[PDB]
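In what follows, one protein chain appears twice in different forms, each by itself as structure tokens: structure 1 and structure 2.
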Structure 1
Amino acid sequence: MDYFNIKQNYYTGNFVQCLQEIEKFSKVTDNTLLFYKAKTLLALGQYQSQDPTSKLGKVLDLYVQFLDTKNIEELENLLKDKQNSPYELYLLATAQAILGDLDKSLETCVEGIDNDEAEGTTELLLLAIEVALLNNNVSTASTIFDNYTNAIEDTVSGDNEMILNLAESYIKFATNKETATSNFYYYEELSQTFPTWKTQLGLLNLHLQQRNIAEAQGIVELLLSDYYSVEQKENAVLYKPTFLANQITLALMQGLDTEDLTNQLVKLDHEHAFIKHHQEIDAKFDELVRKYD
């Protein structure tokens, strides 16, 4: 239906505006509206329980609370055996994957991708593909994606065509296919229409991907340019970790020392993919030095 705007702003990263698109509805106790609102508020770091009445807006509070204690107790609890909507599940799947249970997470996702609620389904198709690729499952991601695609018709592709292209993108990003054409033009366009850290950072990745350390270099200097790292401190402090991680990899291509000072920031800061891999690899090496005495 209509909130094509609310959405088109969310998946491009500017919650500055994605929230203004929801303001245009005077609390229509709509689940789609509750979802993106609560979700957009979290993003702008201004979440505020949108009501404990809804057995969704309630899962939301539980999920937000979860994020602050890596504790799925009441979240997994207040959902078990109960037949809930994809939206309620999506929040559960993330909780599970954030914790590391990537296999029980894709299950949760599929469980709901294939049930009742007309609404919330495409939002899950994405989270399913994301959670699959995280867990390193490319073809399952592709299949989860292919089955849903070649089936569903023109209307779902209406509002959610954007939610879909995104998933298709992440698959292209791992598959490393059309990384220079179809895929590059995809992020290319997004940044030149929605200059967010999301769109930008994506583009930066397509450059690193492509060896364009030059263009890559630019996209970086720019993200340091006040317009982003000050005139947008908001959804910019949100992406700092991943951004440092991107700089490290760029810096490695140019053979720069920075490899260390830079990931000091991300280390003594976040514990994400790059640092997960970094400690993994760092240790596996010392494990080899012991080994050759």
Structure 2
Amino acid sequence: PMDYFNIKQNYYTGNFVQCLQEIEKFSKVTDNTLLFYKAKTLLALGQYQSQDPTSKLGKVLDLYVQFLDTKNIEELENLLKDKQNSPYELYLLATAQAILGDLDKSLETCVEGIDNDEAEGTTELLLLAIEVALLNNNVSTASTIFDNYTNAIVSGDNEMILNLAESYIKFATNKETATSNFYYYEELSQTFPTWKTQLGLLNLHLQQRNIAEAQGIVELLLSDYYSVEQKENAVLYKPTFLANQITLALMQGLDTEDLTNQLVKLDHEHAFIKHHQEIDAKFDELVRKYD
């Protein structure tokens, strides 16, 4: 096998430039996996462009990039409505559903396409099912989905996808935070040093209360190799960077007003800001109720 190993390995670690390179090695050749990953990698580089307007998957991908701007799902849904849709197509539709806040429907879209583990894109969709279940705080379902799928079995390149899914579960469950999970994140940060692997390691240090190491990685990301030389996907990961800095400061007793303001200007729909506005309103409502 191994045709896609390097493509997928660089995509899932956030090495999107090298991912595009690995895809270009198949110059003037296309299949649905190549389409899927080239489209997602071009999107992540801020340089999306319609790869295959002809085919089903390409139409879906363009609808999906459009949705990212318009936040309207009607075209995507009406295109996939009642049709026999592949796991890649379902990946995009369920990501859209999840972005709208409709996490139940999103998980159902995912579960639709997880029947056969030898079908193209199924492992991808399983990872998405896991993520979408964890977003909805349905951790038992996420574990069950993962355990049943994986025990029921693994190609060399899907191995990393299943590890990624498992690592999200272990993050949500504080499972072996200080042993196997931390080793996974740190190894990836060392072998594939990017914004993504670096923020993963940072989250694992924060879960361990390792203030010094967390601050070391914050300083490293603030340096020039990441904030200047990697100004490309620095932008992509900046809102989560800001959220992480906020939790580190709070762990130290420091002020977070400036950081919260930056993040709310840059990405007012970040998960941190949803939680923040919700607890703000919850507390102001208590203040009112007991006066």
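By convention here, residues take numbers in order along the sequence of structure 1, the first being 1. Take the two forms, find the largest set of C-alpha atoms that superpose within 1.5 Å, and that set is the rigid core.
Rigid core superposed between the two structures, residues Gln46, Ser229, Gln264, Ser49 considered: the one with a C-alpha shift of 2 Å or more is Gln264. After superposition on the rigid core, the Cα of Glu74 moves by less than 2 Å between the two structures. Taking the rigid core as fixed, one finds a CA shift for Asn115 of 2 Å or more between the two structures.
After superposition on the rigid core, the Cα atom of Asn14 is displaced by 1.1 Å between the two structures. With both forms fitted on their core, the C-alpha atom of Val28 sits 2.0 Å from where it sits in the other form; this compares the forms between the two structures.
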